[PDB]
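Enquirer: Opening piece of a complex, kept in its complex position:
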Amino acid sequence: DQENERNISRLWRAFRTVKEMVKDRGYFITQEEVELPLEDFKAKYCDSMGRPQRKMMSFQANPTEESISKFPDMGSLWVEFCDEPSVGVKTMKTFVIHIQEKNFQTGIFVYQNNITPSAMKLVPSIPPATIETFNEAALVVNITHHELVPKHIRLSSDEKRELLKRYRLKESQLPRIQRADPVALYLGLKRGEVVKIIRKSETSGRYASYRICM
Amino acid sequence: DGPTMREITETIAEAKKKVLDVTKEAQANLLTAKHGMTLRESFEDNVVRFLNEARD
Amino acid sequence: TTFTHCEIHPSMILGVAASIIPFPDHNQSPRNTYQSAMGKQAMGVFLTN
Amino acid sequence: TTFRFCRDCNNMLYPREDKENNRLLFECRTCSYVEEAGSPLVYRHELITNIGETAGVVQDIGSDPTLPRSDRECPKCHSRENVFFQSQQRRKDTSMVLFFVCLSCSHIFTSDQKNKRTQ
Amino acid sequence: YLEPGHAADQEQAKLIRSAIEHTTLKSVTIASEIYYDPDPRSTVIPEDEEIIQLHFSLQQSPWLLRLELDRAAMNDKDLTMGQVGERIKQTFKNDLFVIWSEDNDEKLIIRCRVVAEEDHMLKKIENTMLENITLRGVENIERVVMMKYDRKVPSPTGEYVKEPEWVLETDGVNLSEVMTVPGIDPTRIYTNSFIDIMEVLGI
Amino acid sequence: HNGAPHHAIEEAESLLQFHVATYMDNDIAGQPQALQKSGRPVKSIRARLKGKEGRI
Amino acid sequence: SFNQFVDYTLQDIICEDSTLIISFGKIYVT
Amino acid sequence: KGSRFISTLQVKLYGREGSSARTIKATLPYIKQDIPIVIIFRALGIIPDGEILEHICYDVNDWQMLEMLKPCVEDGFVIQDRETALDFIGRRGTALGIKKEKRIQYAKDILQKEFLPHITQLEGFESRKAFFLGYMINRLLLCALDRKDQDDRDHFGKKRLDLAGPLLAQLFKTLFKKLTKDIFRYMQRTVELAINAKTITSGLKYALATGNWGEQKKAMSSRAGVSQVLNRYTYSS
């Protein structure tokens, strides 16, 4: 038993947050799918010894009926976990061509410890598809859930064009969110994309700010 | 007041003994420090706190 | 019963300016630091010549 | 620990193991001197130190006027004439335990009520 | 701040205080010593004569690294001779043979042997041991205090009522790590270092 | 323009570089402070515009 | 301070490195 | 008094509290690197370990301070006689000053004139200078072993007040020596009594009038505000 059980809890807490992020991005994930308990997680992805099988975890996600209204060209997503703590160019080439062949728009690599600089070179090698690398440990806790972290909302090309029209703005003039920003990553923001940040106010009650990506 | 000055002097006097008592307690290795504080750091915190409570 | 020395007068810890302060043991610390600055800008007879 | 030097060089002695008879020796690196070890202990670190507590207790310790006195009866001679001070180990942690030095017998006794000493 | 439910439980706080506040092998040690003890099956130190007898029944260096641990210190940052030695054995893997006196045994001791030229080797193993080995806690996180902060919360009857809670206060910051800790509320955790809040939780 | 003694030339050049340099900025990293015969260093143009007291 | 300088210190400065290939004797202050 | 060699000796304890190999090295005046104490001792003449250790630690029952000197001994072990020690000191410049005889003769002078210039600048006082270096290391290790507190830089007993006399002394000295070189300049000029008494008067007058305690109308860094006008508002003022 020992301290094996804790890496299981962590991998599960990390999994919930992946489901959470994917649903939040605009992909169709059930609430019961998120709320899946630890006991059910073990009895699904744990082997004939209680050792978690990350290969099993990996899943495809599809755009919510709602998502195709705002963003029509929003394609399908593929989330890949790895039972190997270090991810090499051999495991990467499998996943990289998988997204290319299965005509995916986006793909997330939830790596355990590290992705070698050899394998990292394949990340931008297959456009119009996009690839994301997430260290399992960062996702144990969902940052979006935190007190100080307000509702960020991705804007459509039309929605942004309108925001700029309505405030007579050049993109320069908008407050900026960094591409690498924890939330910019969670949402999978790309350069030029705009977030509408709706925060509570001691002054107004509800205040809406906007940020353009870096 | 003459009697309020008697009362003030005796307030300091008793607080001075409250200190001496903690002084003799620390000199006899009986004092037990607060978590994350020197035995001395703990002692002074009390002495300062007594003398300030007293001044008030 | 160890006293090797005795103080001539404690008021001797003071310098020229503080020494003109009446009852300085009855003032808040800096109020005295202020008089030992003003007396230097007070008028009087500086020398008989 | 208490370390020795080479009789001949006077230069310090470094350990060398006699693999044949499984015993420790101290050799001299300036000459060819070699002596058997006295103790199996080579090095001692000492993190929680008690050496420097009863520091510089000269037989003149009573002559320092700056030192305070007390009427605490001595364990050896019962003399209520003594000088006192705290652990001269100038560390933050250090307890406020007192060390009394008898003005007659010169015995070092403490005020500690948690433990019992000899220094 | 503690997990939603167990917020008034002092022992639940005590539990995290221990789980988070950094503890090194240095903080529990009285002194380390190097002895020449050639027979691995029998010791020169007569005290240890018992520790061997047992940790044998139910090849290696003749140079012994022996460290005496402080009972009082082993208590404040709650620790077992077992769990301490476990760290050491798991740190240096199968290239350092460790034995230890029991928690009950009158004096607290840890005996270590390696797997020409060895004197200096052990002086490096002892340096690692003191400075590099982490027992409990999250790094950078030192002095961890418990505080019973007052909290205004809506009661069932509707009115806002003073329902105080146990709160941990640190001396040091490692946001990424203490957040992922079990038993806490990672939806309430706050740092005076806003550069950290920025880096972890976004602008 | 005369018989160029070639070193005496890179010597005379370096000095012009110095004066044109110190005229604009006198407070340079490379130590010599182009001091007026009076000890007092010459005021650079940079010095004139330089913060609190002076131009801007 | 000045008195120690005149009668003492000054006489010493006048003859420390003084002597040249010409020696400087006793000093007089008018 | 005389010249005033502002040479300051630092005796450094390398390595941090928890770093293996905690050596003791010292920075010598007109010497680039920091010499490990042991080489200095051999260059002084105190050649065997234990004779070196006797100068530093005065109690053979203080294993604590002694174990702490074991690194130094290993550090200096490479040097074995007075010559090889002096050469090692000479090697580190200067700039270097290449020549074997040159470097060994250099270091002799530095230890004699520059290192610990009080006590003596004379020749044969190796015994006194080495026992002092040893007294310095004793004090360095006494503090490092938490037996003594680090010195109070703000203790008034460790402070001196240069009054009107010494102030004038430093100035008169600067002047008389400038006069001394002017006397030698006119003595050389006489390739066969014209001594500018103006230098001394005008120099003293310049300083005492401006408050710029340094040679001369080209003041900086000369130290100002030393001499100011006497307040005459009130008598106590």
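Expert: All right, it came through fine. Numbering: from 1, shown residues only, chains lettered A, B, ... in the order given.

Enquirer: Tell me how many other residues crowd residue D:69.
Expert: Using other C-beta atoms under 10 Å in any protein chain shown, residue D:69 is surrounded by 15 other residues. Bear in mind the C-beta positions are built from the backbone N, C-alpha and C, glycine included.

Enquirer: Find the nearest non-adjacent residue to the closest residue to chain D within chain C, please.
Expert: Residue nearest to chain D within chain C: residue C:2 (3.9 Å; C-beta to the nearest C-beta). What sits nearest to residue C:2 in space, not counting adjacent residues and going by C-beta to C-beta, 6 or more residues apart in numbering or on different chains, is residue D:65, at 3.9 Å.

Enquirer: neighbours of that neighbour, just the number please.
Expert: 10.

Enquirer: Tell me where chain D has strands.
Expert: Taking DSSP state E as the criterion, chain D contains strands spanning D:13-18, D:23-28, D:34-36, D:41-44, D:69-70, D:82-86, D:98-102, D:108-110.

Enquirer: so what's the residue nearest the centre of chain F closest to, chain neighbours aside?
Expert: Residue closest to the average C-alpha location in chain F (C-alpha atoms, centre = their mean): residue F:22, at 2.2 Å. In space, not counting the residues next to it along the chain, residue F:22 is nearest to residue F:34; the distance is 3.8 Å by C-beta to C-beta, 6+ apart.

Enquirer: Please name the residues that touch the one you found.
Expert: Contacts for residue F:34 (C-beta atoms under 8 Å, 6 or more residues apart in numbering or on different chains) come out as F:18-19, F:22, F:26, F:41-42.

Enquirer: could you dump those residues to a markdown table with secondary structure?
Expert: Listed next are the contacts of residue F:34 as a markdown table, based on DSSP: H, G, I helix; E, B strand; the rest coil:
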| residue | secondary structure |
| --- | --- |
| F:18 | helix |
| F:19 | helix |
| F:22 | helix |
| F:26 | coil |
| F:41 | strand |
| F:42 | coil |
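
Enquirer: slot chain I in:
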Amino acid sequence: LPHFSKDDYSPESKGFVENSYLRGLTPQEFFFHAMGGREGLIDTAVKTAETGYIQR
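Expert: Now chain I, sitting on the chains shown earlier:
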């Protein structure tokens, strides 16, 4: 102060001014109040320039 024995952690030794301004301060009480007083004047003088630059 040299008017005290060594290792004196008493209120009187470590700066506790028992007296009122009305009653008057003892030579020690006076000097200790003076040390404490001088601390205020230092920050008052320092804060003044430090605070100004923040404003700017």
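
Enquirer: once more on the neighbour count of residue D:69, this time with chain I?
Expert: Neighbour count of residue D:69, defined by other C-beta under 10 Å: 16.

Enquirer: Okay, and the beta partners of it?
Expert: residue D:83 (DSSP bridges).

Enquirer: That one against residue D:83, yeah?
Expert: Yes. Between residue D:69 and residue D:83 there is a contact under C-beta atoms under 8 Å: 6.2 Å.

Enquirer: Chain C: helices as residue ranges?
Expert: Applying DSSP state H to chain C gives helices spanning C:29-38.

Enquirer: got it, and chain B?
Expert: Counting by DSSP H, the helices of chain B are B:2-27, B:39-55.

Enquirer: Put together TSV for those, with distance to chain A and mean neighbour count on each row.
Expert: Output for those, formatted as TSV (distance: least, C-beta to the nearest C-beta, whole Å; neighbours: other C-beta atoms under 10 Å in any protein chain shown):
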stretch	distance to chain A	mean neighbour count
helix B:2-27	42	14
helix B:39-55	32	16
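
Enquirer: measure residue C:15 to residue C:36 for me?
Expert: 7 Å (C-beta to C-beta, to the nearest Å).

Enquirer: count of residues packed around the closest residue to residue H:45 other than its chain neighbours?
Expert: Excluding its sequence neighbours, the residue lying closest to residue H:45 (C-beta to C-beta, 6+ apart) is residue H:126, at 4.8 Å. Counted with other C-beta under 10 Å, the neighbours of residue H:126 add up to 17.

Enquirer: mind listing what residue H:126 touches?
Expert: Taking C-beta under 8 Å, 6+ apart, we find residue H:126 in contact with H:44-46, H:111.

Enquirer: ChimeraX command for the buried members of those residues?
Expert: Listed next is the ChimeraX selection for buried residues among these, using 16 or more other C-beta atoms under 10 Å in any protein chain shown:
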select /H:44,46,111
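
Enquirer: Name the residue of chain C that lies nearest to chain E.
Expert: residue C:30 (33.0 Å).

Enquirer: then chain J, please:
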Amino acid sequence: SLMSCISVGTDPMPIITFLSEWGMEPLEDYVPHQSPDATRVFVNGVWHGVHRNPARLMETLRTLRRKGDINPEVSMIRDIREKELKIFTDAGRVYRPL
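Expert: Chain J, in position alongside the others:
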């Protein structure tokens, strides 16, 4: 302060001459383990040697200054615990009369 004075600077030699005449072993002849409790004697930060019974030396030096034989502006301290005797002929030192 009103009673304060500044040390003008005296000669160390009459005190160095006096000390050696009163039991001061010169540093050139010191042997640490022979005389280990030896109180070390300093005059203006110069280590001059050691003295076996400082108690008496301190008393003879004290009454030398007190009588007037050693200038009263000279400073002398015996730090028993540290086994040290520091003497100051030194100019600059601020003194007060007690």
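
Enquirer: what do you get for the neighbour count of residue H:126 once chain J is counted?
Expert: Residue H:126: 18 neighbours (other C-beta under 10 Å).

Enquirer: ok, back up a step: the residue nearest to the centre of chain F and residue F:44 touch, don't they?
Expert: Yes. Counting by C-beta under 8 Å, residue F:22 touches residue F:44, with 6.7 Å between them.

Enquirer: Name the residue of chain H that lies nearest to chain I.
Expert: residue H:157 (11.5 Å).

Enquirer: if I pick the residue nearest to the centre of chain F, what's in contact with it?
Expert: Under the criterion of C-beta under 8 Å, 6+ apart, the neighbours of residue F:22 are F:28, F:34, F:42, F:44.

Enquirer: Walking through chain J, point out its strands one by one.
Expert: Under DSSP E, chain J gives strands at J:5-6, J:25-26, J:39-43, J:46-51, J:75-79, J:84-88, J:94-95.

Enquirer: if we can go back for a sec, only whichever of the contacts of residue F:22 are buried, select them in PyMOL.
Expert: Selecting only the buried entries of the contacts of residue F:22 in PyMOL, with 16+ other C-beta under 10 Å as the criterion:
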select buried, chain F and resi 34+44
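
Enquirer: of all the contacts of residue F:22, which two lie farthest apart?
Expert: Taking C-beta to C-beta as the measure, the contacts of residue F:22 reach their widest spread between F:28 and F:42, a distance of 12.0 Å.

Enquirer: for chain J, what are the nearby residues on chain D?
Expert: Residues of chain D lying near chain J by C-beta under 8 Å from any C-beta of the partner chain: D:55-58, D:60-61, D:63-64, D:88.

Enquirer: With distance to chain B and neighbour count as added columns, please give those residues in JSON lines.
Expert: Putting those into JSON lines (distance: C-beta to the nearest C-beta, whole Å; neighbours: other C-beta atoms under 10 Å in any protein chain shown) gives the following:
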{"residue": "D:55", "distance to chain B": "18", "neighbour count": "17"}
{"residue": "D:56", "distance to chain B": "21", "neighbour count": "16"}
{"residue": "D:57", "distance to chain B": "19", "neighbour count": "17"}
{"residue": "D:58", "distance to chain B": "24", "neighbour count": "17"}
{"residue": "D:60", "distance to chain B": "25", "neighbour count": "17"}
{"residue": "D:61", "distance to chain B": "19", "neighbour count": "18"}
{"residue": "D:63", "distance to chain B": "24", "neighbour count": "15"}
{"residue": "D:64", "distance to chain B": "20", "neighbour count": "16"}
{"residue": "D:88", "distance to chain B": "15", "neighbour count": "17"}
